[PDB]
């Protein structure tokens, strides 16, 4: 508790806010109640959003430096902290704070500063949907986060693609999210096409976590009657062959899922 209070308090005057963001960002894992402390502290959340908003112009044209990205990501780590705490989770959603991260998620630059910015931003969202609250899914649906996730799964770093897919997975898990993605052949096909190319490169450049999420997504889509029908024709061969046999020999969960997916298709 020692320095935690002082640092939190120091997040005020921009003269000592940088050190506080850093010191706090690292001690986060420890202090289990940091989230409510951050949230309930006067002007602290605003200070964090201030950090986010300050770099909006450097995001496009893409001139964000490593230093800018690191400091803002410190703030984002504290927001992720606030996003997954049971006592602050729901209010975090009321504040529509995730809407402050979307411009970050829209960037496409490849430099590490941007990739780190996007990965950390995705971490906040992933922690938001970790508990399946109906309201968070409906929030993400209506704010158009899906297309942002799709592009990233489609051309981001392996790390970022994993979290983006996990987010799409959570959205798909809920009945509303599943029905929304399958409402038109075009929206389903867009998602299926992306998961498709993911299943092709993953077969030559393996990735356990990513492969696990891609399988869950496909499995979940097989719950919708029309997507199931479509998948009867468009489910990539690599998911039916034995191509993933070896790598799955250790991940019993995902293997069980792929078996269920193949079972669901056809009749």
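Numbering follows the first chain given and starts at 1.
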Please work out which of 152-160 and 98-106 has the higher mean CA B-factor as recorded in the PDB entry.
152-160
Return whichever of 194-202 and 44-52 has the greater mean Cα B factor according to the PDB record.
194-202
Looking at the C-alpha B-factor values in the deposited entry, which of 115, 144, 87, 175 comes out highest?
87
Out of 213, 220, 232, 67, highest CA B-factor residue:
232
Lowest, middle or highest third: which one holds residue 236 when the chain's residues are ordered by CA B-factor from the entry?
highest
Sorting the chain's modelled residues by C-alpha B-factor and splitting them into thirds places residue 224 in the middle
